[PDB]
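Listed in order, the protein sequences are those of chains E, F, X, Z and C. Numbering-wise (the authors' numbering), the first sequence opens with residue 2 and increments by one. Heads up: the second sequence is residues 2 to 554, 558 to 574, 579 to 590, 598 to 625, 636 to 714, 720 to 899, 903 to 1104, 1111 to 1169, 1184 to 1230, going by the authors' numbering. Numbering-wise (the authors' numbering), the third sequence opens with residue 1184 and increments by one. Heads up: the fourth sequence is residues 864 to 899, 903 to 1048, going by the authors' numbering. Numbering-wise (the authors' numbering), the fifth sequence opens with residue 309 and increments by one. A virtual CB, placed ideally from N, CA and C, is assigned to each residue, including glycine.
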Amino acid sequence: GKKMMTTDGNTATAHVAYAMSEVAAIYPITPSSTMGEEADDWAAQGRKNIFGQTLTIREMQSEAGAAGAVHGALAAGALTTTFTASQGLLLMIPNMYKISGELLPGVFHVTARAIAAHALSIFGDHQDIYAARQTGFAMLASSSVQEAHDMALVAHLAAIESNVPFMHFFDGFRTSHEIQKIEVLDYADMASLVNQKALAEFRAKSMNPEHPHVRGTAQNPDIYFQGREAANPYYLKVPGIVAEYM
Amino acid sequence: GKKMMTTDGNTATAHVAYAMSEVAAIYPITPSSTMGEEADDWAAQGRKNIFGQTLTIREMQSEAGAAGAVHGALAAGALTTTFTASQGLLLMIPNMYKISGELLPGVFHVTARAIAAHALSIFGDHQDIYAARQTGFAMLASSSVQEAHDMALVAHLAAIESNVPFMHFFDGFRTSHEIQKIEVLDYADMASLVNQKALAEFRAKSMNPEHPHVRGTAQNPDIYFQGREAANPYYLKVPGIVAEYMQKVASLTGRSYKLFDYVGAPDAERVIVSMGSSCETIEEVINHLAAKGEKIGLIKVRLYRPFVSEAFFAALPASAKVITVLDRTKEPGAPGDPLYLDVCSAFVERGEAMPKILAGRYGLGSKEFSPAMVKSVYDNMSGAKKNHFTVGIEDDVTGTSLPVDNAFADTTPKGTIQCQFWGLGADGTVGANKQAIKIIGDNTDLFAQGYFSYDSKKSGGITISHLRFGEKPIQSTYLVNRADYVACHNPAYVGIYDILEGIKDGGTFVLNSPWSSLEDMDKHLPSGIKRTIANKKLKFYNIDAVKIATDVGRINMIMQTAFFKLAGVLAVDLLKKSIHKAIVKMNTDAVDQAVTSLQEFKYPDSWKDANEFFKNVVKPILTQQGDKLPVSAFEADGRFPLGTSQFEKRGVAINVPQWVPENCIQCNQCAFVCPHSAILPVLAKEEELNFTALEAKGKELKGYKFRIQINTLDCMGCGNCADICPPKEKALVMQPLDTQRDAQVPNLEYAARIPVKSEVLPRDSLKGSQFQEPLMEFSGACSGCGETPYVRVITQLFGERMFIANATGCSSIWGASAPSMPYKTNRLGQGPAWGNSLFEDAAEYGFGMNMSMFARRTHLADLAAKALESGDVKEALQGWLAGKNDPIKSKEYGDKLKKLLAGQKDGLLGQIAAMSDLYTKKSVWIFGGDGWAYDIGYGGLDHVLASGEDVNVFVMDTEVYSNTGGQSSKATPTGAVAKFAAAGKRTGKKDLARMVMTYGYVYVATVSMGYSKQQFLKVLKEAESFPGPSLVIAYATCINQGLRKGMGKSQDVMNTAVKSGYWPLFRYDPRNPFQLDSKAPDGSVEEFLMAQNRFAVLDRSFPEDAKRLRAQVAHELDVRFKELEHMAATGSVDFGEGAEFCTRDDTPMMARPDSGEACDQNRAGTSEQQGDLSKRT
Amino acid sequence: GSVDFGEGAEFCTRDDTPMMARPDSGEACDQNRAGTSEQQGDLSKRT
Amino acid sequence: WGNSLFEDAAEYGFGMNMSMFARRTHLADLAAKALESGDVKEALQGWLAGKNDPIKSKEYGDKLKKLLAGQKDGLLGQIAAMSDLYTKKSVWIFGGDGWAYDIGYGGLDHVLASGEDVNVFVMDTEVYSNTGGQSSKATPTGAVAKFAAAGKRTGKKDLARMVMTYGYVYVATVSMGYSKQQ
Amino acid sequence: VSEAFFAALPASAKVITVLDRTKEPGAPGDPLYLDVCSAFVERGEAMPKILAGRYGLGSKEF
Ligand SMILES: Cc1ncc(C[n+]2csc(CCOP(=O)(O)OP(=O)(O)O)c2C)c(N)n1
Ligand SMILES: Cc1ncc(C[n+]2csc(CCOP(=O)(O)OP(=O)(O)O)c2C)c(N)n1
Ligand code: SF4
Ligand code: SF4
Ligand code: SF4
Ligand SMILES: [Ca+2]
Ligand SMILES: [Mg+2]
Ligand SMILES: [Mg+2]
């Protein structure tokens, strides 16, 4: 379904994320505000995701709020994405721990931006993405605009299948805003790549009063270690999923 | 200036931090709240730092606020410290980046606590500290209490000198709370260690208008790299500073530390590299194995960041061939845990011979790390080496566990006494044991270690205490497992738990038991315990201490006497004098009668010859034996099933109520009121049925028998029901449990099978609502908790279609503490969908639920609209589509659709039948306390509650941080005594309701159940009915409020709270939108305040302050209600298109692909002025 | 000045959970498990 | 001038307030210890009594900085060491609609309910002016912004009326184009 | 995944520089350098020279 368009990394990534998501909670932060703004633009116009619905976009009071709303939408059984940059990612980490702890299949699209240490900065480096290795997200990187499109698609598919949340990151103000002529896939072509069995399973295990479960308990020295060590198979399976979807 | 005191890690660290700081901004978080609380205590008393001033302590709304306040105090030139734990540290990291970026010399004291991944946890591991390596802090670690004191001192001195902020961390609930006898330095001695030149320089370079500078700029690709790379010298200098200050402190105390320390055989081949309290236990194990010729050792890491390979290799013996790097963290998918990566990088950068390096996980969530596990780690090194293992748990999902032999003999050094004290909560066992440790420490030359295991259950929980008293210093940093002396303070446990699993051969076993006879012990002592006592030749001492205490007119003193005469550590004179220091005659008589009463029991020799989920996991977890549970038992995502509290059956109340059927007026208020749902209104038919039932009254209750069944085993004995029972001759009378359980347990077992009649009466009504099944039953809340009845009524109205976003607080501690889940599924199986995200983001979690449900039901609507194009299915689909916003119509037509579309798995119809759980409209609820709604999760709550989406938030306003030790909130009202309000809080209650009411599109209503139950019910119904945001704040009572008559008066107290005008009731309905449901104040505010222990203490301390504060409270509630009466009496397009001027700058923060079209930049003047300039020229 | 809202109260102002543990805490106290003070007096009188 | 972060400017300013409070109390204790030449005693008493007034504190701080020139010994040397703490300081918190309204709101509310002498000035542009003009809570009803492309449906966040519920906070709304004297 | 990393890495490679766009004060190395070093330690085979370099901080030109 390859069609050529001339866009930057924000547009290339937001195209695929709009296709592959139904819920998006976004806080504005440079250089990632473009993806959320154009997603809200397309939602207002009426663009349809792979499931044939307009993507539901909401704006939070913070990026902590964006990560929390992402957690709620993933827990309730909706495909969720968010767009992030540095200070946003720092505010997002503690909820990313919960998102990977519950094995919820979200995709964060992060534009690499400096962390304010001696001075605030909006430009690109990998400090924010490296600050989030421990959270348990899978982390995918894109070198160019074409690779941003391809890797955003791979991240969404592998997040659906693997039940491990993904962070997709491309360089800020070096890929986010560099116009380039790239071929993108038609939404019909990327729709056929979804693992329908995994999508149905993901909707089944989600929070719902008809089949209720308790998520978010408080545990004591006795059983916390086992609940930590019981999520290893999903991580042993995610890399093969990423390779196969590549 | 060394003085000996017996304290835990919190006290040892807060001592030094108080000396070395002048400003401290603190948020409460377990296990670090103690340091801040005692710092505020000393500030209120008047303790002086090294500079001779009381330390200025403030409390923030969050730990982000604590880190920001720390930044401001460091920037303005004050020595600043803060105390942190896991979630706090995660919220602190982004400001820690700024603090290290500006080279500001702060010290954070972090207690290591788990990060909530699959479940919240308050216990110890290094996940939070490892999450903060990148921030640029220097990171110092302390193995024991003495090392916590020393390392806190070193951290403050090196932070002052090096201009690099420091993080000091010690293990949480393993060093934070383990009492030990340590020598501390006098403040005069630690004052002389400060580098005065560096302190003066630090004050000079700080933010001040007299010598102003710009800090916090915004830089561009051109110069940011250099400003990053210009801070390298300070980090190249900090490690030498830390080493030199270790030397300077060691000169004073006599204990020498290095950046990396080595303990063990110099010619050792198997070396563990560790960090934290485990370094103690391993050392102890080494001191065992070294006596058997073992060539093993240990490297203890003190300075984690910056990592200095020079020190590491100076510690590492060159004969070492295999190294295991033990880490208390899990990073999913990382090539290794952080310390392993650091050691590997050190060996790669050296380039010399590279020994074998192994990585292992241990002690996650303060999981035990015992000598046997250390031995197994060394054995793994010795042969059949395994990389990336876990030690301590039985892994069976990925095979990453070492085998552990649990027959490792006593490694604790000879000369030590081990004591286990099992007790029932608040029977005074831990208080008596702390007194014992303090007495022995102050009066002898023995080191006294004491650890206190607790329980998740607030009322009636078990409390285990492990005490060691040794001539040599106590390095055993783990729970006792082979005890010299066991003491059971509650005979109820003798069947419920294994009291003698930690006994030794001949170990004295002292049992509290009324049955002090040969035959009665034969009848009551379980065969297993009898066989143990007979076989291993114990010294069994049985005493009935309750009779002794009742005679002398609290079993604390008899038990302490039993310890002081039977432990062997010493005693009689010491305990007598200690009682004298603290009526007196009764205590000494109890001491002497206990002295006479203790005698060995001549046991019989024949004594040596004598759902499914619950049965598998929950019963073993409850009996404190889930350490044997493998990893196959636990869900990968950490979810737990509902309805686990139902099989608890814990009869811990002393007094349970009895129903007197003759007086009952069948009002259903004792059920509406009960906090643990031990009251079951059984409404039956005559053909359906000791089980005395009445004739139910009213037209709806025509042929029904009525009964009020008491859940005798699941009763907490709070007396709320009996105190609320209307008839002046009480239909409910509190009677001893032993005289009412035997005839009431079978009655409830029978009554559990009567169908619940939920259609006879509406659920909006009091009696009818109580005629519906409660979906939140048997919490772990405190007996008489003022929060559980509200949530139980909410689930009785909405439990079938409900999402709960539960903030962190008591709501989450009793709503889910593994393995007990009060929430349960109804007969159809549709329970509440309960989830806890974090403390600060419950609101955003619930809002996200709302968005997900909105999206999926719109997708369902689109599918149904596509399926409109058999006639019955068309009618069902149209009926659902029209009325999907009504829960009743949506439920009806969803049932219709689920009947019609059975097995439909093809096409649009198959798709529509696929999501059958989205038919009936769902009610997402947000449950949290005063702290969440008021302090930390406030911004998210405000945003979700101003967005306009149909979400409902219920506030359990206990006016305090009830869950965490009762610290001040913003709900904490004027003149209230709490933590961080020791003199009485001076700021008023946070007017959260009046804040939200300013929006005008939010339903706001305040409720109190003790006052009126009908207003609460109407409020719930019209809150879930409002198509928009809805906020409801419920006055709730907590045991921290110190009700002087008891928690049974909760409702009464609740009632009084609304009569006096302290807690008005009102409803703001946007659909005069405001209205007052509450009457004018009665003027009885002083009685209500004096009724609660906080104001009683405030009076006992400062009467003039207390009376002024109470006057201001009365005046402010008068004017607040005066204000209430004053106001109750009466498509896509962009904003930048087609504008003459630019709506966008040219900065990169405002760049988009559409932008860039030429436009007028307001640089040639206004349009009118431009026209004038054109006209004139 | 310093004083704690838990001193000199007939009932416990603290649970036994680890989230509410301090070195001062642990003194024996009534846990609201035998009923209210008035109801306790009534039970004592009747028996 | 200092910028901390977007969400924590309020806590940064509050921390400034605490640091200044602590250091000036330490100065007060030093001066009270130095009370026990007569001109220095009069200067110190005059500053101690009127350290809460910026004008009197400035006057007597100038007096003290004249008297204690080069004094580098004892209590007097210590008192002369911190000559930048004489005149009472005014800590200000400057931020826009987004900070005061959306993200730094909790910290602002806490510092502005604590009761300590801090002053916060809101440059309410009704929008996230810095970042592309996205919707705020100050963004009023029927306004077109980013994430309000069809016109915002929720009203302005009544921040002033929220804070005024405390009753111990000075709240005042200003507009310079309307009147400069107010 | 060290399997993929070593499948990419040519066996004739003798010197590796791991470029990172981050600064961690006091860390033994930046995160990607530590990952590659751990991969080579866990392989146990010949260990080429591994160098670490910083570049492009704050969208600095590279
Ligand atoms: C960010 C963060 N800081 C601190 C804590 C520790 N904590 C857990 S519950 C709680 C207090 C809960 O307050 P509130 O909402 O009033 O609840 P309740 O009093 O009903 O327990 C605190 C401070 C935490 N979990 N997360
Ligand atoms: C946590 C975080 N999220 C997002 C940003 C990006 N950001 C910088 S300024 C700004 C908006 C500022 O809003 P406001 O207070 O109204 O300021 P003004 O409109 O006057 O510029 C945003 C979103 C940030 N710096 N930090
Ligand atoms: S509260 Fe008393 S009168 Fe009312 S139903 Fe219960 S037992 Fe009967
Ligand atoms: S209200 Fe209290 S005393 Fe009555 S049944 Fe419930 S827990 Fe027991
Ligand atoms: S809110 Fe208070 S009474 Fe209720 S469980 Fe928590 S501490 Fe106990
Ligand atoms: Ca509603
Ligand atoms: Mg509370
Ligand atoms: Mg603005």
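Sequence-distant residues of the same chain with beta carbon closer than 7 Å to residue i, five excluded per side
i, result
"residue 981 of chain F", "1034, 1061 and 1062"
"residue 999 of chain F", "993, 1011, 1012 and 1073"
"residue 736 of chain F", "691, 708, 723, 724, 725 and 726"
"residue 1127 of chain F", "1089, 1090, 1093 and 1095"
"residue 1163 of chain F", "1097, 1099 and 1115"
"residue 565 of chain F", "583, 606, 609 and 610"
Cβ-based neighbour list, residue i, same chain, cut-off 6 Å, excluding 5 preceding and 5 following
i, result
"residue 157 of chain E", "21 and 108"
"residue 463 of chain F", "456"
Opposing strand residues paired with residue i [DSSP bridges]
i, result
"residue 479 of chain F", "Note: residue 479 of chain F sits in no beta bridge, so no partner."
"residue 815 of chain F", "Beta-bridge pairing links residue 815 of chain F to no other residue."
"residue 216 of chain F", "Z/865"
"residue 683 of chain F", "F/763"
"residue 597 of chain F", "Because chain F is numbered from 590 directly to 598, the model contains no atoms for residue 597 of chain F."
"residue 423 of chain F", "F/465 and F/489"
"residue 450 of chain F", "F/469"
Close beta carbons around residue i, own chain, < 8 Å, minus the five adjacent residues each side
i, result
"residue 663 of chain F", "118, 119 and 120"
CB contact check: residue i to chain A, cutoff 8 Å
i, result
"residue 868 of chain Z", "Within the model displayed, chain A is absent; protein chains E, F, X, Z and C are what it includes."
Kindly provide the ranges of any alpha helix (DSSP H) runs that are 4 or more residues long and lie completely inside the segment 271-304 of chain F, ordered along the chain.
-> The segment 271-304 of chain F contains these whole alpha helix (DSSP H) runs: 279-290.
Minimum length 4: unbroken alpha helix (DSSP H) runs contained in the segment 738-766 of chain F = Here the runs fully enclosed are 750-754.
Quick one: which unbroken alpha helix (DSSP H) runs of 4-plus residues sit fully inside the segment 87-156 of chain E? Chain order, please.
-> Within the segment 87-156 of chain E, the complete alpha helix (DSSP H) runs of at least 4 residues are 87-102 and 128-131.
Would you list the residues whose beta-carbon is nearer than 5 Å to any heavy atom of ligand 6, in the order they occur in the chain?
-> The answer, residue by residue, is F/983, F/985, F/1059 and F/1063.
Taking only runs that begin and end inside the segment 504-554 of chain F, name each unbroken beta strand (DSSP E) of 3 or more residues, in chain order.
-> Fully enclosed beta strand (DSSP E) runs of 3 or longer: 504-513 and 540-544.
Ordered list of alpha helix (DSSP H) runs contained in the segment 313-340 of chain C, each at least 4 residues | Under the rule that a run must span 4 or more residues, no alpha helix (DSSP H) segment is found entirely inside the segment 313-340 of chain C.
Going along the chain, which unbroken runs of the alpha helix (DSSP H) with 4 or more residues stay wholly within the segment 944-1031 of chain Z?
-> The qualifying runs are 971-977 and 1025-1030.
Compile a chain-ordered list of the residues in the segment 297-322 of chain F whose CB is closer than 8 Å to at least one CB of chain C.
-> When CB distances to chain C are screened at a threshold of 8 Å, the residues of the segment 297-322 of chain F falling below it are 306, 307, 308 and 310, in chain order.
Entirely within the segment 158-232 of chain F and at least 3 residues each: give me those beta strand (DSSP E) ranges in chain order.
-> Taking 3 residues as the minimum length, the beta strand (DSSP E) runs contained wholly in the segment 158-232 of chain F are 167-172 and 181-185, in order along the chain.
Along the segment 473-501 of chain F, what residues have a CB closer than 7 Å to any CB found in chain X?
-> Listed in sequence order: no entries.
Check distances from the C-beta atoms of the segment 952-984 of chain F to those of chain Z and list, in chain order, the residues that come in under 8 Å.
-> Listed in chain order, the positions of the segment 952-984 of chain F with a beta carbon within less than 8 Å of a beta carbon of chain Z are 968, 969, 971, 972, 975, 976, 979, 980 and 981.
Listed from N- to C-terminal order along the chain, which residues in the segment 353-367 of chain C have their beta-carbon within a distance smaller than 7 Å of any beta-carbon of chain E?
-> Contact residues of the segment 353-367 of chain C toward chain E are 364, 365, 366 and 367 (C-beta to C-beta distance below 7 Å).
Determine which residues of the segment 96-128 of chain F have a Cβ less than 7 Å from any Cβ of chain Z, and write them out in chain order.
-> So the close ones are 96 and 99.
Anything in the segment 214-230 of chain E with a Cβ closer than 7 Å to a Cβ of chain F? List those residues in chain order, please.
-> Of all residues in the segment 214-230 of chain E, those with a C-beta nearer than 7 Å to a C-beta of chain F are 214, 215, 216, 217, 218, 219, 220, 221, 222, 223, 224, 225, 226, 227, 228, 229 and 230, reading in chain order.
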